[PDB]
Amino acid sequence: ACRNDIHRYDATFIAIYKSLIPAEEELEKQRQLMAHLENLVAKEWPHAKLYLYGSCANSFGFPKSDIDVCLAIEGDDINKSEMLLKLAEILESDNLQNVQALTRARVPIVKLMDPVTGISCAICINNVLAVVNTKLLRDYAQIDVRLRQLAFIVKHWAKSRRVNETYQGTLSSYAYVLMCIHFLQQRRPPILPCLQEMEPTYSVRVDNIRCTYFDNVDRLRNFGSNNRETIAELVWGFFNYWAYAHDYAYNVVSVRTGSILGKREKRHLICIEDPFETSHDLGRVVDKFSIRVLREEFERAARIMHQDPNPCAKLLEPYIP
C-alpha cells in the first residue's frame, strides 16, 4: 500500500532538489579554475593529468567552494612529497593564495585558494581509484535524472537528521548515493542498469583492482523510460526499503551487481559493498549502537513519508541533541 495523494508532493521535492544543486555561476568558476590548473601542471609535468574527484565531480555535491583534485602521474619512483612541494612553489609563483602543505592520515596534500574565484582546492598524487569511483557515479547520474533527484533528497535528509558522520557511527554521502543507485536498480521496471554487468567499454586498473564497466551512458538516456514512478514514490519507497524490507542479517546491497548479494558468505551491520574495492564495506563504520539510530531514522522517515500531511518539510526537520 501507498499514499493515494503521493504525487501532490512531486512538486515540492523537485523544488527542494533544484535548490540543493549548485548554481551554474558557481560551477563556471570551477571549470575556469580547473582549466587553469591543468594547463599549469602540464607545464611542469607534460605527462600528468589532473582529475577532479569527490562531491565536486560525481554530480552529487552540495554547493561549496572546496574541490578535490587528484594529480595522476605514472612511474615507479613516484615520491608524492617531493612532487607536491615542487607543485607547491609553482602555485606560489602563480600568485595563488594560502598554499599550504597538509597531511591526512599521512597522505601528502597541498591546498590553495584562488583569488579569482575564491574556490579552494586540495591536490594529492595518484588517488586514482577514487577518481574511477566518481566516474562511475557521474556516469550513473547521466542515465536518469531521478537518481540525482533522489540522492539530493536523501543526502539532505542525512545531514538534517545528523546521520552523515562516519566518525559518529553513521554513513558517508558516498554510501548514500550507492544506496540510491542500488534502490533505482531493483525497481521493476528498472530506472538504472548495472553498468558493470554490461559489455565493457571502459577498463582501467589501480593496484590489482581492475575497474571495468560500460560507460557510453548517453546510449542509455531512455533506459528507465518504462518506469513511471515519480520522486515522491521513490523517496517514500527508498526509506520504506531500509526500514522494513532490508534483511539486515543476510543481505548485501551491490551496485557492482545491481542485486542483493548474500552476506553470510563473508563488523558489518549494514552492508554497502563498494563497486570496485569489493572488500570495502561502507557500513563497517556502524556499530551495534549507531545501527539502532540509523534504523530508527529509517522508520521515522517512512511513517512521515506515509502519513504526515506535509511530509516534505517533516521528513527533513533538523535533529536537535
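All residue numbers are counted from 1 along the displayed sequence.
- Unmodelled residues of the deposited sequence between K266 and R267: 4 to 9.
- Look at the mean CA B-factor for 106-114 and for 191-199 in the entry; the higher one is 106-114.
- The stretch 88-96 shows the higher mean C-alpha B-factor when 233-241 is compared against 88-96 in the entry.
- Within the group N58, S279, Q32, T257, the record's highest C-alpha temperature factor is found at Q32.
- Highest C-alpha temperature factor among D144, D247, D139, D77, as the PDB entry reports it: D77.
- Looking at the C-alpha B-factors along this chain, the one for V177 belongs to the lowest third.
- Residue-level temperature factors show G283 in the middle third of its chain, judged at the C-alpha atom.
- Among all modelled residues in this chain, the alpha-carbon of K159 has a temperature factor (C-alpha) in the lowest third.
- Remark: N133 belongs to the middle third of its chain, ranked by C-alpha B-factor as recorded.
- In the PDB entry, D274 places in the lowest third of its chain by CA B-factor.
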